[PDB]
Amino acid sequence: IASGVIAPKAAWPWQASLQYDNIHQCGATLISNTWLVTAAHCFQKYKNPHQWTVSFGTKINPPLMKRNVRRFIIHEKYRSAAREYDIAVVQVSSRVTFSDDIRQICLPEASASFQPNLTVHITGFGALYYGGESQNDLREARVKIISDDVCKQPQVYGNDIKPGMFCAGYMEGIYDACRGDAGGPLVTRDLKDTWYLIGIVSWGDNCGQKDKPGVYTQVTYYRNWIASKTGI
């Protein structure tokens, strides 16, 4: 998370780290006691379910309830050469037990809407600037959803924004996702104090630069996919 602040214990209990050979590659987020959601590009190069692990809490290096990946499922239409269809699910070989630190997030119904000046949160153990290293401590940032129209300016991102993608950040930059944050959550809280998964950190030019916000996979667009694959 660019210019990201340290997240408190138990603030984002659905947040997970995905490690390949005990190195952090990517975020995920919990949706059941067995299943997580993340990006497809996380498994671009590292394709062995059995060398992936998952851990929770605010801290990688002293790992919480580390777990082994039974399997992962990537979107049929994802292709490493393009940015569309960037979603995957991950099932863990042992169910995990919900504490104050570890809990499942809610998924939105397929047709929920999110007014495009809405305040949303974004978290991950990724880099603090472009080309920086991952942190062992989870970080957060408050950004805002951004109109597809704004976003689809040729000055911004143009025709690279395809269905199932949306933007979030600030046109003034500073706060953003960075490398190591992909597959991790973009969330909001309804007025009944319940948190919901709206986005999955996907891509972007640099980190925290004017007119270069993050691009997220749009959960509501892939909501039926997730259901078919998880039963959630």
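Don't overthink the numbering: it's just position in the shown sequence, from 1.
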| property | result |
| --- | --- |
| Mean Cα B-factor comparison, 201-209 or 35-43, giving the higher one as deposited | 201-209 |
| Selected stretch [higher average CA B-factor]: 159-167 or 179-187 | 159-167 |
| Selection by C-alpha B-factor (highest) of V150, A88, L107, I122 | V150 |
| Third assignment of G231 from its chain's C-alpha B-factors | lowest |
| CA B-factor ranking of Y78, expressed as a third of its chain | middle |
| Relative C-alpha B-factor of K9, binned into the chain's lowest, middle or highest third | highest |
| Third of the chain, ranked by Cα B-factor, where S99 sits | middle |
| Ranked C-alpha temperature factor of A16 among modelled chain residues, by third | middle |
